[PDB]
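Form deposited in one PDB entry, single chain, as C-alpha coordinates, below.
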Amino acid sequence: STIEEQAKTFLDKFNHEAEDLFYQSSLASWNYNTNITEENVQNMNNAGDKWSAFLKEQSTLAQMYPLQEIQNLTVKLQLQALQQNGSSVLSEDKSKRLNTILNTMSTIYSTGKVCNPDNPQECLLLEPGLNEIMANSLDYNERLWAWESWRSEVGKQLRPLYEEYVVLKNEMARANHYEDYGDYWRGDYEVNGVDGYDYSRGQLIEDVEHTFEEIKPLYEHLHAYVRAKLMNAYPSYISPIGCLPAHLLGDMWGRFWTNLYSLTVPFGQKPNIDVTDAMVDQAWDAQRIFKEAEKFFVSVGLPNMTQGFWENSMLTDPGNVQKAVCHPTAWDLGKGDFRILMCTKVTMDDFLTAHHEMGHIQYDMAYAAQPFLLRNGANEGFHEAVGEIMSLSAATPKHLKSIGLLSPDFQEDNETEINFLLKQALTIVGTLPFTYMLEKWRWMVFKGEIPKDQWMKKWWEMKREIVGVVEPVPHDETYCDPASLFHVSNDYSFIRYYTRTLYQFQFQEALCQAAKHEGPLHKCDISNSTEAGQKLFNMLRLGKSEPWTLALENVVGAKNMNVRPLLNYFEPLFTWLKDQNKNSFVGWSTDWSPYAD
(Lines give C-alpha, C1' and ligand atoms only; values in the text may rest on other atoms or scores of the structure.)
Protein backbone atom coordinates (compact mmCIF):
# COMPACT_ATOMS: atom_id res chain seq x y z
CA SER A 1 0.00 0.00 0.00
CA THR A 2 2.73 2.51 0.96
CA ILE A 3 5.96 2.97 -1.05
CA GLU A 4 7.90 1.74 2.09
CA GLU A 5 5.86 -1.43 2.23
CA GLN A 6 6.27 -2.07 -1.51
CA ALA A 7 10.04 -1.54 -1.33
CA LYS A 8 10.18 -4.00 1.64
CA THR A 9 8.56 -6.69 -0.54
CA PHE A 10 10.79 -5.78 -3.51
CA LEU A 11 13.85 -6.24 -1.28
CA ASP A 12 12.53 -9.69 -0.27
CA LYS A 13 12.43 -10.87 -3.91
CA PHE A 14 15.79 -9.17 -4.48
CA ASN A 15 17.48 -10.85 -1.50
CA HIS A 16 16.30 -14.26 -2.74
CA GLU A 17 17.46 -13.87 -6.44
CA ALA A 18 20.72 -12.05 -5.52
CA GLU A 19 21.62 -14.75 -2.92
CA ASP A 20 21.06 -17.40 -5.65
CA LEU A 21 22.89 -15.77 -8.62
CA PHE A 22 25.74 -14.49 -6.40
CA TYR A 23 26.18 -18.09 -5.19
CA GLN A 24 26.29 -19.67 -8.73
CA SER A 25 28.62 -16.91 -9.91
CA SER A 26 30.88 -17.31 -6.86
CA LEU A 27 30.98 -21.06 -7.46
CA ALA A 28 32.08 -20.42 -11.10
CA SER A 29 34.84 -18.09 -9.72
CA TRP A 30 35.88 -20.74 -7.21
CA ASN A 31 36.09 -23.41 -9.88
CA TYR A 32 38.31 -21.24 -12.10
CA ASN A 33 40.54 -19.99 -9.27
CA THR A 34 41.11 -23.54 -8.02
CA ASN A 35 41.30 -25.29 -11.42
CA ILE A 36 42.54 -22.96 -14.17
CA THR A 37 41.15 -24.53 -17.35
CA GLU A 38 39.74 -22.98 -20.57
CA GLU A 39 36.29 -24.50 -19.82
CA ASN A 40 36.30 -22.92 -16.31
CA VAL A 41 37.28 -19.50 -17.72
CA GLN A 42 34.29 -19.68 -20.12
CA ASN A 43 31.87 -20.59 -17.30
CA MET A 44 33.28 -17.91 -14.97
CA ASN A 45 32.61 -15.17 -17.53
CA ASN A 46 29.07 -16.26 -18.43
CA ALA A 47 28.22 -16.03 -14.69
CA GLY A 48 29.77 -12.56 -14.48
CA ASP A 49 27.67 -11.47 -17.46
CA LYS A 50 24.48 -12.88 -15.90
CA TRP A 51 25.21 -11.20 -12.54
CA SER A 52 25.86 -7.84 -14.25
CA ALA A 53 22.71 -8.17 -16.38
CA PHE A 54 20.74 -9.09 -13.22
CA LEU A 55 21.95 -6.05 -11.27
CA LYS A 56 21.26 -3.81 -14.32
CA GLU A 57 17.56 -4.95 -14.32
CA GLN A 58 17.35 -4.69 -10.53
CA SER A 59 18.82 -1.17 -10.51
CA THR A 60 16.13 0.00 -13.05
CA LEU A 61 13.42 -1.52 -10.79
CA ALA A 62 14.88 -0.10 -7.56
CA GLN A 63 14.89 3.36 -9.29
CA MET A 64 11.08 3.08 -9.37
CA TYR A 65 10.84 3.44 -5.56
CA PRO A 66 11.14 7.12 -4.55
CA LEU A 67 13.69 7.20 -1.65
CA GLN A 68 11.98 10.33 -0.27
CA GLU A 69 8.86 8.23 0.51
CA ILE A 70 10.76 5.83 2.83
CA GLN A 71 11.19 6.57 6.52
CA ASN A 72 12.85 3.19 7.39
CA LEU A 73 16.63 3.75 7.28
CA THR A 74 17.87 0.12 6.79
CA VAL A 75 15.39 -0.21 3.85
CA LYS A 76 16.20 3.28 2.46
CA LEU A 77 19.94 2.54 2.56
CA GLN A 78 19.47 -0.90 0.98
CA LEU A 79 17.41 0.68 -1.81
CA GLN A 80 20.03 3.43 -2.28
CA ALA A 81 22.78 0.79 -2.65
CA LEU A 82 20.90 -0.71 -5.60
CA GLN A 83 19.80 2.58 -7.29
CA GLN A 84 23.34 3.71 -8.32
CA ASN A 85 23.48 3.31 -12.15
CA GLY A 86 27.15 4.40 -12.12
CA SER A 87 28.25 4.42 -15.74
CA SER A 88 24.81 4.61 -17.40
CA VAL A 89 24.38 8.25 -16.17
CA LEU A 90 26.45 9.09 -19.36
CA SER A 91 25.53 8.67 -23.08
CA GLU A 92 25.87 5.21 -24.76
CA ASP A 93 29.06 6.30 -26.67
CA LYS A 94 30.40 8.24 -23.65
CA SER A 95 29.99 5.16 -21.41
CA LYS A 96 31.54 2.99 -24.16
CA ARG A 97 34.55 5.36 -24.29
CA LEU A 98 34.88 5.31 -20.49
CA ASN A 99 34.86 1.51 -20.38
CA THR A 100 37.42 1.58 -23.29
CA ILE A 101 39.88 3.93 -21.47
CA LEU A 102 39.42 2.02 -18.21
CA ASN A 103 40.19 -1.23 -20.03
CA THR A 104 43.17 0.15 -21.85
CA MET A 105 45.08 1.69 -18.88
CA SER A 106 44.46 -1.57 -16.98
CA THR A 107 45.97 -3.54 -19.95
CA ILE A 108 48.93 -1.12 -20.30
CA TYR A 109 49.71 -1.57 -16.60
CA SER A 110 49.49 -5.38 -16.61
CA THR A 111 51.18 -5.89 -20.01
CA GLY A 112 53.57 -2.94 -20.45
CA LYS A 113 57.19 -4.13 -20.56
CA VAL A 114 60.44 -2.14 -20.73
CA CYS A 115 63.13 -3.38 -23.14
CA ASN A 116 66.82 -2.77 -22.88
CA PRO A 117 67.43 -1.50 -26.49
CA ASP A 118 70.77 -3.45 -26.40
CA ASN A 119 68.65 -6.62 -26.50
CA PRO A 120 65.32 -5.87 -28.25
CA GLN A 121 64.06 -9.44 -27.66
CA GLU A 122 64.54 -9.12 -23.86
CA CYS A 123 62.19 -6.74 -21.93
CA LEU A 124 61.16 -6.64 -18.27
CA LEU A 125 57.55 -6.67 -17.11
CA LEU A 126 56.62 -4.94 -13.77
CA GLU A 127 55.76 -8.31 -12.26
CA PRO A 128 58.10 -9.99 -11.58
CA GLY A 129 61.00 -8.34 -13.47
CA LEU A 130 60.91 -4.71 -12.40
CA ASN A 131 59.41 -5.35 -8.95
CA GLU A 132 62.27 -7.69 -8.11
CA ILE A 133 64.88 -5.00 -8.93
CA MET A 134 63.08 -2.40 -6.80
CA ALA A 135 62.88 -4.74 -3.81
CA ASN A 136 66.28 -6.53 -4.02
CA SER A 137 68.72 -4.40 -5.96
CA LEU A 138 71.29 -2.49 -3.96
CA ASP A 139 72.86 -0.97 -7.17
CA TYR A 140 71.90 2.76 -7.24
CA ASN A 141 72.03 2.87 -11.05
CA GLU A 142 70.00 -0.34 -11.57
CA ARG A 143 67.22 0.98 -9.30
CA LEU A 144 67.25 4.35 -11.05
CA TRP A 145 67.03 2.65 -14.49
CA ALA A 146 64.06 0.57 -13.35
CA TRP A 147 62.31 3.49 -11.63
CA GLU A 148 62.80 5.90 -14.57
CA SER A 149 62.31 3.51 -17.49
CA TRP A 150 58.99 2.27 -15.96
CA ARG A 151 57.66 5.84 -15.74
CA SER A 152 59.13 6.91 -19.08
CA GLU A 153 57.90 4.00 -21.17
CA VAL A 154 54.71 2.95 -19.43
CA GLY A 155 53.95 6.04 -17.22
CA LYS A 156 53.93 8.19 -20.37
CA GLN A 157 51.39 6.04 -22.35
CA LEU A 158 48.90 6.31 -19.41
CA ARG A 159 49.08 10.17 -19.30
CA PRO A 160 46.53 10.97 -22.14
CA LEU A 161 44.24 8.13 -21.00
CA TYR A 162 44.21 9.52 -17.46
CA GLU A 163 43.22 12.99 -18.64
CA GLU A 164 40.14 11.59 -20.42
CA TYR A 165 39.41 9.27 -17.43
CA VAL A 166 39.40 12.28 -15.05
CA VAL A 167 37.04 14.34 -17.20
CA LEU A 168 34.63 11.35 -17.71
CA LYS A 169 34.60 10.26 -14.09
CA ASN A 170 33.89 13.86 -13.02
CA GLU A 171 30.92 14.11 -15.49
CA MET A 172 29.54 10.85 -14.16
CA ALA A 173 29.93 12.00 -10.52
CA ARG A 174 28.25 15.37 -11.33
CA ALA A 175 25.20 13.49 -12.61
CA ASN A 176 25.09 11.42 -9.37
CA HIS A 177 24.93 14.89 -7.59
CA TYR A 178 28.51 14.72 -6.18
CA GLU A 179 30.86 17.67 -6.91
CA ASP A 180 33.72 15.56 -8.25
CA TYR A 181 34.73 11.86 -8.57
CA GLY A 182 36.77 12.24 -5.33
CA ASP A 183 33.63 13.41 -3.48
CA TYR A 184 31.98 10.25 -4.90
CA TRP A 185 34.78 8.09 -3.44
CA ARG A 186 34.41 9.85 -0.07
CA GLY A 187 30.68 8.93 -0.19
CA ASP A 188 31.63 5.52 1.24
CA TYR A 189 32.29 7.12 4.68
CA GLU A 190 29.19 9.36 4.51
CA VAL A 191 26.42 8.67 7.10
CA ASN A 192 23.08 10.55 7.14
CA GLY A 193 19.85 10.26 9.07
CA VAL A 194 21.23 8.88 12.32
CA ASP A 195 21.58 11.89 14.63
CA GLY A 196 24.83 11.80 16.61
CA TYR A 197 26.40 9.31 14.19
CA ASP A 198 26.15 11.43 10.98
CA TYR A 199 29.31 11.78 8.90
CA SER A 200 29.84 14.09 5.89
CA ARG A 201 32.04 13.50 2.84
CA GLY A 202 33.84 16.78 3.71
CA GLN A 203 34.49 15.72 7.33
CA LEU A 204 36.68 12.87 6.09
CA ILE A 205 39.27 15.27 4.63
CA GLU A 206 39.34 17.32 7.89
CA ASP A 207 39.74 14.12 9.94
CA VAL A 208 42.50 12.64 7.74
CA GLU A 209 44.39 15.99 7.85
CA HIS A 210 44.09 16.44 11.62
CA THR A 211 45.19 12.85 12.39
CA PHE A 212 48.02 13.24 9.84
CA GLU A 213 49.52 16.29 11.65
CA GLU A 214 49.78 14.05 14.77
CA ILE A 215 51.73 11.42 12.72
CA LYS A 216 54.13 14.14 11.44
CA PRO A 217 56.46 14.04 14.57
CA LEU A 218 56.92 10.23 14.53
CA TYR A 219 57.19 10.14 10.76
CA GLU A 220 59.74 12.97 10.69
CA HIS A 221 61.87 11.01 13.21
CA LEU A 222 61.43 7.83 11.20
CA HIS A 223 62.35 9.52 7.81
CA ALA A 224 65.43 11.19 9.42
CA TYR A 225 66.58 7.88 10.86
CA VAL A 226 66.22 6.12 7.48
CA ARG A 227 67.96 9.01 5.67
CA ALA A 228 70.89 8.61 8.08
CA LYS A 229 71.17 4.82 7.39
CA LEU A 230 70.79 5.29 3.58
CA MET A 231 73.33 8.16 3.65
CA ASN A 232 75.94 5.81 5.08
CA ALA A 233 75.28 3.17 2.35
CA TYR A 234 75.19 5.61 -0.64
CA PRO A 235 77.27 8.50 0.69
CA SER A 236 77.68 10.55 -2.43
CA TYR A 237 73.99 10.41 -3.41
CA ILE A 238 71.98 11.51 -0.33
CA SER A 239 71.91 14.93 1.41
CA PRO A 240 71.81 15.03 5.23
CA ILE A 241 69.16 17.79 5.12
CA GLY A 242 67.26 16.93 1.90
CA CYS A 243 64.55 14.50 0.70
CA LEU A 244 65.01 10.73 0.08
CA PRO A 245 65.40 9.81 -3.63
CA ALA A 246 62.28 8.01 -4.86
CA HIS A 247 64.28 5.15 -6.48
CA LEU A 248 65.96 4.24 -3.15
CA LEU A 249 62.85 3.34 -1.09
CA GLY A 250 62.49 -0.48 -1.28
CA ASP A 251 59.71 -0.69 -3.87
CA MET A 252 58.77 0.71 -7.35
CA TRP A 253 56.93 3.73 -5.80
CA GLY A 254 58.12 3.77 -2.18
CA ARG A 255 54.48 2.84 -1.11
CA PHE A 256 56.14 1.00 1.85
CA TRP A 257 59.72 1.07 3.18
CA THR A 258 59.70 -2.53 4.42
CA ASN A 259 62.49 -3.61 2.03
CA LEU A 260 64.78 -0.86 3.46
CA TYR A 261 65.05 -3.00 6.68
CA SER A 262 68.18 -4.71 5.27
CA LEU A 263 69.94 -1.31 5.34
CA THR A 264 68.26 0.26 8.40
CA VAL A 265 68.12 -2.56 11.03
CA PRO A 266 69.14 -1.19 14.46
CA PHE A 267 70.51 -4.51 15.87
CA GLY A 268 72.10 -6.60 13.13
CA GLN A 269 73.75 -9.19 15.39
CA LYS A 270 70.46 -10.07 17.15
CA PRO A 271 68.51 -12.83 15.32
CA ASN A 272 64.78 -12.85 14.35
CA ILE A 273 61.77 -14.86 15.70
CA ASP A 274 60.88 -17.24 12.90
CA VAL A 275 59.05 -20.29 14.12
CA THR A 276 59.25 -21.81 10.59
CA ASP A 277 61.88 -24.38 11.71
CA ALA A 278 59.93 -25.22 14.87
CA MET A 279 56.84 -26.08 12.78
CA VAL A 280 58.97 -28.30 10.50
CA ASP A 281 60.59 -29.97 13.55
CA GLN A 282 57.17 -30.57 15.15
CA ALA A 283 55.83 -32.05 11.81
CA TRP A 284 53.25 -29.34 11.18
CA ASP A 285 51.25 -29.27 7.97
CA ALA A 286 48.73 -26.94 6.27
CA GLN A 287 45.93 -28.64 8.26
CA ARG A 288 47.60 -28.06 11.70
CA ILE A 289 48.05 -24.38 10.80
CA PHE A 290 44.31 -23.92 10.07
CA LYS A 291 43.37 -25.99 13.13
CA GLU A 292 45.61 -23.70 15.28
CA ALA A 293 43.99 -20.57 13.85
CA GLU A 294 40.54 -22.09 14.62
CA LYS A 295 41.66 -22.68 18.26
CA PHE A 296 42.55 -18.95 18.43
CA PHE A 297 39.06 -17.79 17.34
CA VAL A 298 37.31 -20.43 19.54
CA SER A 299 39.40 -19.22 22.61
CA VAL A 300 38.01 -15.73 22.16
CA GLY A 301 34.39 -17.11 22.36
CA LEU A 302 33.92 -17.29 18.59
CA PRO A 303 32.44 -20.09 16.45
CA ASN A 304 34.42 -23.06 15.24
CA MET A 305 35.01 -23.27 11.44
CA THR A 306 32.02 -24.87 9.69
CA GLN A 307 32.19 -28.53 8.55
CA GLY A 308 31.82 -27.25 4.96
CA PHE A 309 34.88 -25.02 5.37
CA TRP A 310 36.95 -28.17 6.01
CA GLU A 311 35.68 -30.13 3.02
CA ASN A 312 35.24 -27.32 0.47
CA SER A 313 38.28 -25.10 1.10
CA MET A 314 41.51 -25.57 -0.80
CA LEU A 315 44.17 -24.97 1.87
CA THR A 316 47.11 -26.41 -0.14
CA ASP A 317 48.54 -26.09 -3.69
CA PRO A 318 46.85 -28.88 -5.72
CA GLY A 319 49.89 -31.05 -6.50
CA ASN A 320 51.10 -30.75 -10.08
CA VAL A 321 48.39 -31.52 -12.69
CA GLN A 322 45.75 -28.74 -12.08
CA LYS A 323 46.84 -25.08 -11.87
CA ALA A 324 45.46 -22.64 -9.27
CA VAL A 325 45.62 -18.90 -8.40
CA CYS A 326 47.74 -18.93 -5.22
CA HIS A 327 46.64 -15.56 -3.76
CA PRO A 328 45.39 -16.13 -0.19
CA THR A 329 41.65 -15.39 -0.18
CA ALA A 330 38.62 -15.77 2.14
CA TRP A 331 35.46 -16.72 0.20
CA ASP A 332 31.89 -16.17 1.33
CA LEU A 333 29.69 -17.57 -1.43
CA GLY A 334 26.48 -17.11 0.60
CA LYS A 335 24.02 -19.87 1.68
CA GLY A 336 26.40 -20.74 4.56
CA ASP A 337 29.30 -21.44 2.16
CA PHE A 338 32.68 -20.27 3.54
CA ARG A 339 36.00 -21.31 2.01
CA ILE A 340 39.67 -20.23 2.09
CA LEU A 341 41.91 -20.51 -0.99
CA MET A 342 45.55 -20.54 0.13
CA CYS A 343 48.48 -22.61 -1.37
CA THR A 344 49.88 -23.03 2.17
CA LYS A 345 53.53 -23.89 3.02
CA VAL A 346 54.92 -24.68 6.49
CA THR A 347 56.21 -21.17 7.23
CA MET A 348 55.50 -18.57 9.95
CA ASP A 349 54.37 -16.06 7.26
CA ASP A 350 51.73 -18.52 5.97
CA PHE A 351 50.74 -19.34 9.61
CA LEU A 352 50.10 -15.61 10.22
CA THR A 353 48.21 -15.35 6.88
CA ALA A 354 45.95 -18.20 8.07
CA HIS A 355 44.86 -15.93 10.97
CA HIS A 356 44.23 -12.90 8.70
CA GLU A 357 42.09 -14.79 6.14
CA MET A 358 40.33 -16.82 8.85
CA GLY A 359 39.49 -13.47 10.55
CA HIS A 360 37.79 -12.43 7.31
CA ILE A 361 35.73 -15.71 7.40
CA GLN A 362 34.87 -14.91 11.05
CA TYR A 363 33.66 -11.43 10.03
CA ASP A 364 31.76 -13.07 7.08
CA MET A 365 30.02 -15.58 9.42
CA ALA A 366 29.08 -12.83 11.93
CA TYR A 367 27.29 -10.55 9.43
CA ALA A 368 25.94 -13.56 7.39
CA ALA A 369 22.77 -13.17 9.54
CA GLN A 370 22.08 -9.73 7.85
CA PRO A 371 20.05 -9.15 4.62
CA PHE A 372 22.15 -9.83 1.43
CA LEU A 373 23.14 -6.23 0.69
CA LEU A 374 24.14 -5.37 4.23
CA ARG A 375 26.63 -8.28 4.36
CA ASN A 376 29.81 -6.26 4.17
CA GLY A 377 32.24 -4.49 6.54
CA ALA A 378 30.99 -1.17 8.07
CA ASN A 379 33.11 0.97 5.58
CA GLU A 380 35.91 0.25 2.98
CA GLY A 381 38.47 0.42 5.81
CA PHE A 382 36.72 -2.08 8.21
CA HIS A 383 37.20 -5.78 6.90
CA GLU A 384 40.97 -5.46 6.31
CA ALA A 385 41.57 -4.04 9.83
CA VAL A 386 39.76 -7.07 11.36
CA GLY A 387 41.94 -9.71 9.63
CA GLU A 388 45.07 -7.75 10.47
CA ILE A 389 44.51 -7.49 14.26
CA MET A 390 44.49 -11.33 14.33
CA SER A 391 47.89 -11.66 12.69
CA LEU A 392 49.08 -9.00 15.22
CA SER A 393 48.12 -11.16 18.20
CA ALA A 394 49.36 -14.39 16.53
CA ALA A 395 52.84 -12.95 15.86
CA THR A 396 53.51 -12.05 19.51
CA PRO A 397 56.23 -14.19 21.10
CA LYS A 398 53.92 -14.58 24.13
CA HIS A 399 51.33 -16.29 21.84
CA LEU A 400 53.98 -18.40 20.06
CA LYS A 401 55.31 -19.68 23.40
CA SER A 402 51.80 -20.77 24.53
CA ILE A 403 51.11 -22.58 21.25
CA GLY A 404 54.44 -24.46 21.66
CA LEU A 405 56.04 -23.02 18.51
CA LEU A 406 58.29 -20.64 20.38
CA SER A 407 60.68 -22.23 22.77
CA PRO A 408 60.38 -20.96 26.36
CA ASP A 409 64.22 -20.47 26.02
CA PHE A 410 63.31 -17.26 24.05
CA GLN A 411 64.17 -14.28 26.31
CA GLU A 412 62.58 -10.95 25.25
CA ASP A 413 65.60 -8.86 24.24
CA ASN A 414 64.43 -5.23 23.93
CA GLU A 415 66.82 -5.06 20.94
CA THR A 416 64.62 -7.64 19.11
CA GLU A 417 61.56 -5.47 20.04
CA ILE A 418 63.26 -2.47 18.36
CA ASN A 419 64.18 -4.61 15.31
CA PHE A 420 60.53 -5.76 15.19
CA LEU A 421 59.02 -2.27 15.70
CA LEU A 422 61.25 -0.67 13.10
CA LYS A 423 60.32 -3.33 10.51
CA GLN A 424 56.68 -2.60 11.45
CA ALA A 425 57.21 1.20 11.23
CA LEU A 426 58.73 0.78 7.78
CA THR A 427 55.54 -0.84 6.51
CA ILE A 428 52.89 1.05 8.53
CA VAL A 429 54.26 4.51 9.47
CA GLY A 430 56.06 4.86 6.12
CA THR A 431 52.94 4.18 4.03
CA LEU A 432 50.76 6.82 5.74
CA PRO A 433 52.26 9.98 4.11
CA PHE A 434 52.46 8.14 0.77
CA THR A 435 48.75 7.15 1.03
CA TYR A 436 47.71 10.61 2.21
CA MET A 437 49.59 12.59 -0.50
CA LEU A 438 48.46 10.26 -3.33
CA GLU A 439 44.78 10.62 -2.41
CA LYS A 440 45.21 14.36 -1.63
CA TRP A 441 46.50 14.83 -5.19
CA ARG A 442 43.70 12.66 -6.70
CA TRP A 443 40.99 14.56 -4.75
CA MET A 444 42.36 17.95 -5.91
CA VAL A 445 42.76 16.68 -9.49
CA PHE A 446 39.03 15.88 -9.58
CA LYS A 447 38.26 19.04 -7.53
CA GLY A 448 39.73 21.12 -10.35
CA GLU A 449 42.46 22.71 -8.15
CA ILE A 450 45.36 21.41 -10.27
CA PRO A 451 45.26 22.07 -14.03
CA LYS A 452 46.72 19.51 -16.53
CA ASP A 453 49.73 21.81 -17.14
CA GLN A 454 50.56 21.49 -13.39
CA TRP A 455 49.71 17.75 -12.69
CA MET A 456 53.40 16.65 -12.43
CA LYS A 457 54.71 20.03 -11.22
CA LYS A 458 52.38 19.67 -8.17
CA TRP A 459 52.80 15.82 -7.79
CA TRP A 460 56.47 16.42 -7.05
CA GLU A 461 55.82 19.63 -5.02
CA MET A 462 53.59 17.41 -2.76
CA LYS A 463 55.96 14.43 -2.70
CA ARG A 464 58.75 16.76 -1.46
CA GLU A 465 56.60 18.75 1.00
CA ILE A 466 54.33 16.02 2.39
CA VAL A 467 56.23 12.73 1.95
CA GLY A 468 59.81 14.10 1.99
CA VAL A 469 60.81 12.21 -1.12
CA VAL A 470 62.47 13.74 -4.17
CA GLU A 471 62.47 12.62 -7.84
CA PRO A 472 65.95 11.70 -9.19
CA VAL A 473 65.09 12.87 -12.78
CA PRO A 474 63.04 16.00 -13.67
CA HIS A 475 59.54 14.90 -14.76
CA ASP A 476 57.53 17.26 -17.05
CA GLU A 477 53.80 17.07 -18.11
CA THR A 478 54.40 14.26 -20.62
CA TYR A 479 54.90 11.90 -17.59
CA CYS A 480 52.12 10.46 -15.32
CA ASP A 481 53.91 9.04 -12.21
CA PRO A 482 50.66 8.66 -10.13
CA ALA A 483 49.13 6.37 -12.79
CA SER A 484 52.25 4.16 -12.86
CA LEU A 485 50.77 2.61 -9.63
CA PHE A 486 48.07 -0.15 -9.75
CA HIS A 487 45.16 1.62 -7.93
CA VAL A 488 45.54 4.90 -9.81
CA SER A 489 45.45 3.32 -13.30
CA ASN A 490 42.91 0.65 -12.20
CA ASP A 491 40.33 3.08 -10.67
CA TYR A 492 40.59 2.24 -6.95
CA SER A 493 40.07 4.51 -3.89
CA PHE A 494 43.32 4.63 -1.89
CA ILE A 495 42.19 6.34 1.35
CA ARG A 496 40.98 2.89 2.61
CA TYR A 497 44.62 2.11 3.44
CA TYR A 498 44.97 5.25 5.59
CA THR A 499 41.63 4.84 7.47
CA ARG A 500 41.98 1.07 8.02
CA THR A 501 45.56 1.59 9.34
CA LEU A 502 44.26 3.94 12.04
CA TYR A 503 41.24 1.65 12.72
CA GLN A 504 43.33 -1.53 13.38
CA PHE A 505 45.33 0.19 16.11
CA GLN A 506 42.13 1.53 17.69
CA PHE A 507 40.64 -2.00 17.55
CA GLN A 508 43.72 -3.60 19.07
CA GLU A 509 43.94 -0.90 21.73
CA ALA A 510 40.30 -1.46 22.74
CA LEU A 511 40.41 -5.29 22.64
CA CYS A 512 43.68 -5.35 24.61
CA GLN A 513 42.14 -3.25 27.40
CA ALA A 514 39.21 -5.76 27.34
CA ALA A 515 41.81 -8.59 27.46
CA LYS A 516 43.25 -6.84 30.62
CA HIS A 517 46.71 -6.85 28.96
CA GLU A 518 49.46 -5.12 30.93
CA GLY A 519 52.58 -3.68 29.28
CA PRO A 520 53.61 -2.62 25.75
CA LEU A 521 50.71 -2.73 23.23
CA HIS A 522 52.98 -4.42 20.64
CA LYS A 523 53.33 -7.52 22.96
CA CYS A 524 49.52 -7.96 23.41
CA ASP A 525 47.85 -11.26 22.55
CA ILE A 526 44.05 -11.23 22.97
CA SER A 527 43.79 -15.07 23.28
CA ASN A 528 41.41 -16.62 25.87
CA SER A 529 39.64 -13.32 26.57
CA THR A 530 36.01 -14.09 25.66
CA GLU A 531 35.20 -10.50 26.86
CA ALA A 532 37.46 -9.13 24.05
CA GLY A 533 35.83 -11.57 21.62
CA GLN A 534 32.39 -10.33 22.72
CA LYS A 535 33.52 -6.67 22.36
CA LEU A 536 34.75 -7.37 18.78
CA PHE A 537 31.78 -9.61 17.86
CA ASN A 538 29.34 -6.79 18.80
CA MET A 539 30.65 -4.86 15.78
CA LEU A 540 31.35 -7.87 13.52
CA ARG A 541 27.71 -9.05 13.67
CA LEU A 542 26.53 -5.60 12.51
CA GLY A 543 27.84 -5.60 8.93
CA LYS A 544 26.80 -2.59 6.88
CA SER A 545 23.36 -2.28 8.68
CA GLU A 546 24.44 0.45 11.10
CA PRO A 547 26.75 3.46 10.52
CA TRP A 548 30.51 2.79 10.77
CA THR A 549 30.70 5.52 13.45
CA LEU A 550 28.34 3.48 15.70
CA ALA A 551 30.16 0.19 14.63
CA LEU A 552 33.46 1.67 15.74
CA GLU A 553 31.90 3.06 18.94
CA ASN A 554 30.62 -0.46 19.77
CA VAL A 555 34.29 -1.53 20.03
CA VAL A 556 36.51 1.44 20.94
CA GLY A 557 34.05 3.81 22.64
CA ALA A 558 34.53 6.49 19.99
CA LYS A 559 32.58 7.58 16.92
CA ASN A 560 35.68 8.90 15.06
CA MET A 561 39.14 7.87 13.64
CA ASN A 562 42.08 8.10 16.09
CA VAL A 563 45.92 8.28 15.77
CA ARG A 564 46.50 7.98 19.53
CA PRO A 565 46.51 4.11 19.54
CA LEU A 566 48.77 3.88 16.43
CA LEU A 567 51.22 6.29 18.10
CA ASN A 568 50.83 4.25 21.30
CA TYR A 569 51.81 1.03 19.42
CA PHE A 570 55.00 2.76 18.17
CA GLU A 571 55.78 4.84 21.34
CA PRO A 572 58.78 2.61 22.41
CA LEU A 573 60.26 2.89 18.89
CA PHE A 574 59.60 6.69 18.91
CA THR A 575 61.65 7.23 22.13
CA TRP A 576 64.47 5.16 20.58
CA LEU A 577 64.27 7.20 17.34
CA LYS A 578 64.31 10.49 19.39
CA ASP A 579 67.57 9.27 21.04
CA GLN A 580 69.27 8.06 17.79
CA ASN A 581 68.47 11.32 15.99
CA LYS A 582 70.13 13.40 18.77
CA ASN A 583 73.03 14.27 16.47
CA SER A 584 71.03 14.48 13.20
CA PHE A 585 68.91 17.01 11.31
CA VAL A 586 65.27 15.91 11.70
CA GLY A 587 63.10 17.15 8.85
CA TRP A 588 63.77 18.08 5.22
CA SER A 589 64.35 20.97 2.79
CA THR A 590 62.37 20.91 -0.44
CA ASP A 591 64.91 22.81 -2.61
CA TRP A 592 67.43 19.89 -2.72
CA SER A 593 67.18 17.78 -5.92
CA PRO A 594 69.62 14.84 -6.68
CA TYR A 595 69.84 15.87 -10.35
CA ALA A 596 70.30 19.60 -9.52
CA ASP A 597 73.76 20.31 -8.04
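Throughout, rigid core stands for the largest set of C-alpha atoms superposing within 1.5 Å between the two forms. Numbers follow the displayed sequence, beginning with 1.
K.L.:
Where do the C-alpha atoms have the higher mean temperature factor in this entry, in 16 to 24 or in 584 to 592?
P.N.:
Comparing 16 to 24 with 584 to 592, the higher average CA B-factor belongs to 584 to 592.
K.L.:
Tell me which of 289 to 297 and 83 to 91 has the higher mean C-alpha B-factor in the deposited entry.
P.N.:
For C-alpha atoms only, the mean B-factor is higher in 83 to 91.
K.L.:
Which of these has the highest Cα B-factor in the record: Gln424, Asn170, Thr501, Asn259?
P.N.:
That would be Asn170, according to the entry.
K.L.:
Determine which member of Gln411, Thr264, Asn376, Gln506 has the highest CA B-factor, using the values in the deposited entry.
P.N.:
So the option with the highest C-alpha B-factor is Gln411.
K.L.:
Against its chain's modelled residues, does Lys559's Cα B factor rank lowest, middle or highest third?
P.N.:
For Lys559, the deposited C-alpha B-factor lands in the highest third.
K.L.:
Is the Cα B-factor recorded for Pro472 in the lowest, middle or highest third of its chain?
P.N.:
Its C-alpha B-factor belongs to the middle third of this chain's values.
K.L.:
What third of its chain, lowest, middle or highest, does the C-alpha temperature factor of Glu415 fall into?
P.N.:
Ranked within chain, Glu415 CA B lands in the highest tercile.
K.L.:
Split into thirds by Cα B-factor across the chain's modelled residues, where does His247 land: lowest, middle or highest?
P.N.:
It falls in the bottom third of the chain.
K.L.:
Against its chain's modelled residues, does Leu552's Cα B factor rank lowest, middle or highest third?
P.N.:
CA B-factor rank for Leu552: lowest third.
From this point on, the text means the form deposited in another entry, which you will not see here.
K.L.:
Given a rigid core superposition of the two forms, which one of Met437, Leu315, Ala483, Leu168 has its CA shift by 2 angstroms or more between this form and the one not shown?
P.N.:
Residue with a C-alpha shift of 2 Å or more: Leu315.
K.L.:
After fitting the rigid core, is the C-alpha of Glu292 off by 2 Å or more between this form and the one not shown?
P.N.:
True for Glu292: a C-alpha shift of 2 Å or more.
K.L.:
Is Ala558 one of the residues whose Cα moves 2 Å or more between this form and the one not shown, with the core superposed?
P.N.:
The answer is no, as the C-alpha of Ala558 shifts between this form and the one not shown by less than 2 Å after core alignment.
K.L.:
For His327, state whether the C-alpha moves by 2 Å or more between this form and the one not shown after rigid core superposition.
P.N.:
Moves: yes, 2 Å or greater.
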